[PDB]
Each structure stands twice: as structure tokens, then as C-alpha cells.
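Under full-length UniProt numbering, the first residue of the sequence shown carries the number 34, and numbering increases by one thereafter. See below for the structure under consideration.
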Amino acid sequence: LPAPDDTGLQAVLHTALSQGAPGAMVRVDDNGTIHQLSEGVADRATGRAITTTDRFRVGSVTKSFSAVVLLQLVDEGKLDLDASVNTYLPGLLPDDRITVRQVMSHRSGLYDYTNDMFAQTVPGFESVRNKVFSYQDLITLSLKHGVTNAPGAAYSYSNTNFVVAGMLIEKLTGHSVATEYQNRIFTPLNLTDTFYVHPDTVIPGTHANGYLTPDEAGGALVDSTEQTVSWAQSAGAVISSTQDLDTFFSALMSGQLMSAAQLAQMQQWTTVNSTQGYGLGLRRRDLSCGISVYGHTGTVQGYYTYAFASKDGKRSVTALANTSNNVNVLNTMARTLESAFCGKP
Ligand SMILES: *C(=O)[C@@H](NC(=O)CCCC[C@H](NC(=O)CN)C(=O)O)[C@@H]1N[C@@H](C(=O)O)C(C)(C)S1
């Protein structure tokens, strides 16, 4: 690979601050050589500076943790990817023909209930932040809508799919998703900054605060740090750090977290757009220099995450800006992948 470009990374963070992120940071593990940069503040009211050791909410990167657990269950013979969801969760879905593989690749047609919840950004956050949902509650919200496509027929990202994932994990194992994440992933990889505390609202230890951008341009930022994330759970509630997401996606891509056969299934790509694919709880992004990288993005209120690794896991990058509902920041932070993998032009 090209050398990572730290000057480029510094400019990405500086641009993200100019666009409204209180703080922005990035860590690269380049085959045992670390790159780490941060600019701005973890807490904009106290002025405490952001650092790459600050814990944060990873949002939908959680789906890759859920998918690893599920694929280990496939390895153990407890789950068949082409079986019906309803084989395992009787009566859950009205169409007993929707399969686990379709759910995990966002081809199931299940409507994304969060499109109800967050039509208005700050009101929607205020609605859900202190609510506790069951898994079934969220499925019922989705099923108020008809499916958006026939089973398998179309890619349509939906949080509901990884609510199903968490239900599958809990049913098949008899354990909570927190226990399964801990025993199958966090403990074996020594992810000392990684937690699943749902429905607790506290982020353990030193953390970046999250700042939700209101829909009104120029409006005052909302501290969105402390919330249950119960509207997402196994689709979105993990807490981690740049180092630990780097460790995780390197371990995934280098073949440490499941059989070779199941990693292959995880990397069967459904087209998302002309430069992106989706596997089983995993994204592929194609970079300008002809490199593809593998991992996941997250958007949860106040936090935008990118966490991606090269195909063999030897280079991994995690970037965080502590705002959300700010498309300019989201698009800027993607540039960390170009600077970290493609290097200086
Ligand atoms: C995962 O991160 C998941 N995120 C969400 O579903 C986002 C929830 C609302 C976020 C909120 N937006 C609004 O309130 C909009 N009015 C905000 O704080 O910005 C899905 N994962 C990502 C990812 O995979 O990139 C998606 C953007 C695709 S949605």
C-alpha cells in the first residue's frame, strides 16, 4: 500500500471542524506503525480537547459485531444462512420465505422504522433518547409498513434487519447480545475500550461528547452523548475506541473471527452504488486509487464513524467526528480513507 498521508489527514480533520464538527480524529494501524491525529474538543462547553483514546458511540458499526456473532453461530451449526428467519423466530415475520442471508445483506424488504422516528432530527432524538424498547417492539414498528421489495430482490439498508439479528442471537444462544459480544469478540480480542451497556446512558470512562446538529441551519448544537440507543440495540449501540475498532476489523479481515467459508459468505457483495457493496453486516468502499477497503460506517446522534481495513487486515483506519446531522462533515470524514489508504496524490 501507499504510505498514509498525515498532512492529508490533518487537512480532513481541519475541514471537518470548519464545517461544524466540535472535534474530529483518526487512528491508522499501518501494519504495526501507528498514525494518530485529533483536532478540537471532546466537550465543547468545558473545552476539553478530543483525543484518539476517547471512547465514543460507533452507531451502525455495531452491525459488523452482530454479523460476526451470527456467522460464528453458522460455523457452530446453529444457524443456516438460507433458512427462513421464522424457522428460528416463529411467527416473527408475515413472510416465512425471508431468509437470514437476506436480512444480513439488507435484501429482506423490511421497512426501516427509524424513518418514522427521525423525520425531525432533534424532536426525534428527544423522543427516543430515554426510551427502552424490546426487540419485538422495533419489529412491530417496522411491520406497520409493508415490505419495500420482494424477499431478496433489492438492496435497501434497514436497521430492522439487525434488530432481527439481535433477536436471532439471543434466541439461539439463550444469552444477551452483551454476553455474546463479550465472550465471542471483546474478551478474545482484548477490546478494553469496547462496551455494550444498553440500556444504560452512561459512556464508561473518558469519552467524546456527541453534538447533534439541529435541522435549522446555524442552530445551537444539542449534547446527545447520553442516550439508551434502545431504538438500535444490535443495529447500533456499541461503544468503542479508534484502537479497538482497528483491532476488530483487522482481526475480521485477517481471518481470526470465523471460518474461511463464513468470511467468504460475509464478503459476497450486493451492489450499493457504483463504488460500494454490502456483504453480511459489512461494507465495501472502492477508493480513487483502485484499493477497496472493508468495514462499516456509523451515524448515531452526535457521532459519525468510519472504520475500515484492507483486504488482509494489515492496515486499518478508524475516524470519528463528534457531530451528526451534518452531511458536509460526514462527506469530509470519508476522505480519511483516501488519505490513509491511497496516500499523497
Ligand atoms: C447506523 O449507523 C444507522 N444509523 C441510523 O439509522 C441513523 C439514525 C438517525 C441519525 C440522525 N439523523 C436524523 O435525525 C435525520 N433526521 C443523526 O444524528 O444524523 C444506519 N447506518 C449508516 C451507515 O451504514 O453509514 C446510515 C447513514 C446508512 S443509517
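Yeah, the Cβ is synthetic: ideal placement off N, Cα and C, and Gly gets one too.
Taking only heavy atoms of ligand 1 into account, decide whether any of them is closer than 8 Å to the Cβ of residue i.
{"i": "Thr330", "result": "yes"}
{"i": "residue 380", "result": "Coverage of the chain is limited to positions 34 through 378, which leaves residue 380 absent and any answer about it impossible."}
{"i": "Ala186", "result": "no"}
{"i": "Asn358", "result": "yes"}
{"i": "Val136", "result": "no"}
{"i": "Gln334", "result": "yes"}
{"i": "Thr154", "result": "yes"}
{"i": "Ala265", "result": "yes"}
{"i": "residue 390", "result": "There is no way to answer for residue 390, as the model of the chain reaches only from 34 to 378."}
{"i": "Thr147", "result": "yes"}
{"i": "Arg316", "result": "yes"}
{"i": "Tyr168", "result": "no"}
{"i": "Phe89", "result": "no"}
{"i": "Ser93", "result": "yes"}
{"i": "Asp248", "result": "yes"}
{"i": "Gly56", "result": "no"}
Out of the options, which one is the CA nearest neighbour of residue i?
{"i": "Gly331", "options": "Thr220, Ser267, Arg134, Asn119", "result": "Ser267"}
{"i": "residue 22", "options": "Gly323, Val255, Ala294", "result": "Because residue 22 is not part of the residues shown, which for the chain are 34 to 378, the question remains open."}
{"i": "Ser71", "options": "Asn306, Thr40, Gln309, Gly312", "result": "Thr40"}
{"i": "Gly199", "options": "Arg90, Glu213, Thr338", "result": "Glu213"}
{"i": "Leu46", "options": "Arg60, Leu34, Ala36", "result": "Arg60"}
{"i": "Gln300", "options": "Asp76, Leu205, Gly312", "result": "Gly312"}
{"i": "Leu205", "options": "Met366, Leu122, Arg348, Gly346", "result": "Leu122"}
{"i": "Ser263", "options": "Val101, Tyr336, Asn163", "result": "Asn163"}
{"i": "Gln52", "options": "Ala354, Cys375, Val326, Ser372", "result": "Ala354"}
{"i": "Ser99", "options": "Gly110, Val210, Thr120", "result": "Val210"}
{"i": "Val235", "options": "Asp76, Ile272, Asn148", "result": "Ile272"}
{"i": "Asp319", "options": "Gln334, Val333, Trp302", "result": "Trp302"}
{"i": "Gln135", "options": "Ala187, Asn358, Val165", "result": "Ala187"}
{"i": "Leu296", "options": "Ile67, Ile172, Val101", "result": "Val101"}
What is the DSSP secondary structure of residue i, counted as helix, strand or coil?
{"i": "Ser292", "result": "coil"}
{"i": "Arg130", "result": "coil"}
{"i": "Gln298", "result": "helix"}
{"i": "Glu203", "result": "helix"}
{"i": "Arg368", "result": "helix"}
{"i": "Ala354", "result": "strand"}
{"i": "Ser267", "result": "helix"}
{"i": "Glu72", "result": "strand"}
{"i": "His47", "result": "helix"}
{"i": "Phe282", "result": "helix"}
{"i": "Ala187", "result": "coil"}
{"i": "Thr40", "result": "helix"}
Can you check whether the CB of residue j is closer than 9 Å to the CB of residue i?
{"i": "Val196", "j": "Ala265", "result": "yes"}
{"i": "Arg88", "j": "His240", "result": "yes"}
{"i": "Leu285", "j": "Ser138", "result": "no"}
{"i": "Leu103", "j": "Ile202", "result": "yes"}
{"i": "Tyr144", "j": "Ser167", "result": "no"}
{"i": "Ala49", "j": "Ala57", "result": "yes"}
{"i": "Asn223", "j": "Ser93", "result": "no"}
{"i": "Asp226", "j": "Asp277", "result": "yes"}
{"i": "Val350", "j": "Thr369", "result": "yes"}
{"i": "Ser117", "j": "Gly185", "result": "no"}
{"i": "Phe282", "j": "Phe341", "result": "yes"}
{"i": "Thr261", "j": "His231", "result": "yes"}
{"i": "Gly376", "j": "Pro37", "result": "yes"}
{"i": "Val107", "j": "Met366", "result": "no"}
{"i": "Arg90", "j": "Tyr244", "result": "no"}
{"i": "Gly288", "j": "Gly346", "result": "yes"}
{"i": "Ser307", "j": "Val326", "result": "no"}
{"i": "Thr246", "j": "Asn359", "result": "yes"}
Would you verify that the beta carbon of residue i is, or is not, closer than 9 Å to some beta carbon of chain C?
{"i": "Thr351", "result": "The structure shown has no chain C; it contains just one protein chain."}
Under 8 Å: does the beta carbon of residue i sit that close to some heavy atom of ligand 2?
{"i": "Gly157", "result": "Of the ligands one can find in the structure shown, namely ligand 1, none is ligand 2."}
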